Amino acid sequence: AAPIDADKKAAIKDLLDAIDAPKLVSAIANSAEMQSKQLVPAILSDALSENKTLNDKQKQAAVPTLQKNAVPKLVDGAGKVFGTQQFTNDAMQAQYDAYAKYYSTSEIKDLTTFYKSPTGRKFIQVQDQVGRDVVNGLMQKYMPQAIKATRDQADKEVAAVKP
């Protein structure tokens, strides 16, 4: 985390405006919040395993109600930190620092020119869609075949167990 000289900072500020950097921060916050919500079951499991008052029969019996009440409540409250102004500010500073680290001032200015051009503005809107179309299309054609190949061999391994 280094000091950005004045002319480089002003160039990055113009680049961040041209790529709509706040929209990108918003997507990072929403993705982290989602990741936090997906960790709730594992964190609740850890709190149950490490709780120091309940015996092992009471813990095993508490699972049904914790699954029904605690998980929805924890999911609802998870990742609040990602909606704060502090997070947004920090993600903005992180964008400045990342651009200053990998690009020179003159490269940042070239980038801004491309992003403000008509084809650059198009690129900002569709280029992610281009990546998703490629990956999702190949996934649809090939993920089933790879799963089935492993599953069919897995059937043979289980059928081979001799008890």
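For every residue, the number given is its place in the sequence shown, counted from 1.
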Inset, instruction - May I ask you to compare 130-138 and 40-48 by their mean CA B factor in the entry and name the higher one? - result: 40-48
Inset, instruction - Compare the mean C-alpha B-factor of 115-123 with that of 58-66 as given in the PDB entry, and name the stretch with the higher value. - result: 58-66
Inset, instruction - Would you mind checking which of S104, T53, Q95, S26 has the top Cα temperature factor in the PDB entry? - result: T53
Legend entry - Chain-wide C-alpha B factor ranking for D155, given as lowest, middle or highest third: highest
Inset, instruction - Pull the Cα B-factor of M143 out of the PDB entry and bin it into the chain's lowest, middle or highest third. - result: highest
Legend entry - Lowest, middle or highest third - CA B-factor, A78: middle
Legend entry - For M34, the third of its chain into which the C-alpha B factor falls: highest
